[PDB]
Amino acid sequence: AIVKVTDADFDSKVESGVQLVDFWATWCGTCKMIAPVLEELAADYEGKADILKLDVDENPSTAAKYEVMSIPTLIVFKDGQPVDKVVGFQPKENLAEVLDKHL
């Protein structure tokens, strides 16, 4: 469902189309709370968008590159460029809304 991404293959996986990247960490309670919401969302958009996860403790440079200061942070990418951002907890509805705005 949700594919992991790291500093090493980020540019490889985020280059074409629309991707939603979830910047999370194991110590993040709110991040665990949105995880199930993204797994559903991912299904709702198979073939439309890719949902990726990037652990900020193990991949500090990508987090620094996109100014990710607080988590969770979800960033929408389109053809390798960040076009939108969502912070904090968000119900499935609100996330689907942000995606259709870029498809």
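Numbers for residues come from their place in the sequence shown, where the first is 1.
Looking at 73 to 81 and 47 to 55 together, the entry lists the larger mean B-factor for 47 to 55, computed on C-alpha atoms. Once the C-alpha B-factors are averaged per stretch, 20 to 28 and 90 to 98 rank with 90 to 98 first. In this PDB entry, the Cα temperature factor of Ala1 sits in the top third of its chain's modelled residues, the highest group. Looking at the C-alpha B-factors along this chain, the one for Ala35 belongs to the middle third. Ranked against the other modelled residues of its chain, the C-alpha B-factor of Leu41 as given in the entry falls in the highest third.
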